[PDB]
Amino acid sequence: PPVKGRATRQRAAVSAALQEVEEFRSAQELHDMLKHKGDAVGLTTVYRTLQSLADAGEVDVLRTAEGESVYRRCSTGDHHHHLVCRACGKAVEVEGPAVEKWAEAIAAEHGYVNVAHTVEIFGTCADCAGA
DNA sequence: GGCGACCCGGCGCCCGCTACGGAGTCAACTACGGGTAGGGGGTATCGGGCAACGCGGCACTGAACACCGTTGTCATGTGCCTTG
Ligand SMILES: [Zn+2]
Ligand SMILES: [Zn+2]
Ligand SMILES: [Zn+2]
């Protein structure tokens, strides 16, 4: 996980933590689990590295209803949409050219120069209903 | 043949401190052979110089709620006037 800044142990540690975690997480709870591992990193520094990862683009970023920004990394480079369960957090990556063509067609119809789509589908889990 | 002088060796010492001069010297040679040590040449290893980047207080982000404060508001109750 290369970063724009000079490599060191702490960015490697947070990158490895993101690698192990395959769920949507917030910065504060990410720091909580990171401290639980025992690295004892700083809050604001963790912010810098996660922000850098979001800027780099190798980690997707989502915004919750509460307004918190949450992050998680994706195995595949190409763009995709993550279906996520609020209770579980199971993020599954899917993509469809139909929505892309729809966006381009709308942009052309309205004479828009450039666009950027943000589509996230929320829903109820299959196993959450079961008990 | 122990005494005896005597003889000889052999040794022992020979007041105190400061303060006060220098001086320094006569008779082989070569060949080899190694080994250490020096020199430079090149090389792995340690040490010195810079911005992010760890942190933390608080600060802003006010956003999003909460805490009283307020004049919105309502359907529903007294007091006077008209008619039983
Ligand atoms: Zn993604
Ligand atoms: Zn998409
Ligand atoms: Zn679920």
# chains A, B, ... in the order shown; residues from 1 in each chain; ligands from 1
call {"tool": "interface_residues", "arguments": {"of": "chain A", "to": "chain B", "cutoff": "7 Å", "atoms": "only C-alpha atoms (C1' of nucleotides)", "output": "list in words"}}
result
residues 5, 42 and 45 of chain A
call {"tool": "residues_near_ligand", "arguments": {"ligand": "ligand 2", "cutoff": "9 Å", "atoms": "only C-alpha atoms (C1' of nucleotides) and all ligand atoms", "output": "number ranges by chain"}}
result
A: 79-81, 94-97, 99-100, 116-120
call {"tool": "residues_near_ligand", "arguments": {"ligand": "ligand 1", "cutoff": "10 Å", "atoms": "only C-alpha atoms (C1' of nucleotides) and all ligand atoms", "output": "list in words"}}
result
residues 57, 58, 59, 60, 61, 62, 71, 72, 73, 74, 75, 76, 77, 78, 79, 80, 81, 82, 91, 92, 93 and 94 of chain A
call {"tool": "residues_near_ligand", "arguments": {"ligand": "ligand 3", "cutoff": "10 Å", "atoms": "only C-alpha atoms (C1' of nucleotides) and all ligand atoms", "output": "list in words"}}
result
residues 84, 85, 86, 87, 88, 89, 90, 123, 124, 125, 126, 127, 128, 129 and 130 of chain A
call {"tool": "atom_distance", "arguments": {"atom1": "atom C1' of residue B:47", "atom2": "atom CA of residue A:39"}}
result
29.5 Å
call {"tool": "residues_around", "arguments": {"residues": "residue A:4", "least_positions_apart": "5", "cutoff": "12 Å", "atoms": "only C-alpha atoms (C1' of nucleotides)", "output": "list in words"}}
result
residues 11, 48, 49, 51, 52, 53, 55 and 56 of chain A; 52 of chain B
call {"tool": "select_by_dssp", "arguments": {"residues": "stretch 6-96 of chain A", "states": "helix (DSSP H, G or I)", "output": "ChimeraX atom specification"}}
result
/A:9-20,27-37,43-56
call {"tool": "atom_distance", "arguments": {"atom1": "atom CA of residue A:107", "atom2": "atom CA of residue A:54"}}
result
26.1 Å
call {"tool": "atom_distance", "arguments": {"atom1": "atom CA of residue A:6", "atom2": "atom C1' of residue B:49"}}
result
16.1 Å
